[PDB]
Every structure is written in structure tokens, then in C-alpha cells.
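Spelled out, the chains give:
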Amino acid sequence: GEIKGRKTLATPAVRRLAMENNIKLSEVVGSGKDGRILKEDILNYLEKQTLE
């Protein structure tokens, strides 16, 4: 399940944010279409544990 693509669609404040919690931006839940990756996606991602 390797991913090869460093792309993201969101404000410059949302990007660094994910960094504060040691989390990328492409791995976060979203569509990366036109700002799809919003706070609702980040807050929901940082909380959602994707490891098991």
C-alpha cells in the first residue's frame, strides 16, 4: 500500500498544522480537488487511528 505522490489542496495553515501532530497532508482523508482537505478532515484524521 505504498503511495507515490506529494500533493495537497488546502490553506498554508492546514499543512503546517498536520506537522504539529507528525502527520503528512496527502495521507489525510480528502479529495485534494479544490480545498477538500479542510479542518473537518484534519481534526477527524488526527483523531482517527489508522493503525492495526
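The rules we used
- Residues numbered from 1 in each chain as written, not as in the entry; some residues may be left out.
- Heavy atoms only, no water.
- Core = buried A, V, L, I, M, F, W, Y, C linked by side-chain atoms within 4.5 Å.
- Buried < 20%, exposed > 50% of the residue type's maximum accessible area, 1.4 Å probe, protein only.
- Helix = DSSP H or I, 4+ residues; strand = E, 2+ residues; numbered from the N terminus.
- Contact = heavy atoms within 4.5 Å.

Caption draft 1: Examining the nonpolar core more closely. Core analysis: the biggest nonpolar cluster contains eight residues, these being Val14, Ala18, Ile23, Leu25, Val28, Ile37, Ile42 and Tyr45. Secondary structure elements with two or more residues in this core: α1 (12–20) and α2 (39–47). Residues contacting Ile37, with those up to four places away along its chain left out, are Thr8, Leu9, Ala10, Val14, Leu25, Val28, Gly30, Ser31, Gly32 and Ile42.

Caption draft 2: Representation of the environment of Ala13 in the model. Mapping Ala13 onto the fold places it in helix α1. Separated by 30 residues in sequence, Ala13 and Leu43 have C-alpha atoms that sit 13 Å apart.

Caption draft 3: Representation of unusual backbone geometry. Even without a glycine there, the phi angle at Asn22 is positive, about 55 degrees. Among the structural elements, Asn22 can be located in the loop between α1 and α2. The exposure class assigned to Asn22 is exposed, which follows from its relative accessible area of 71%.

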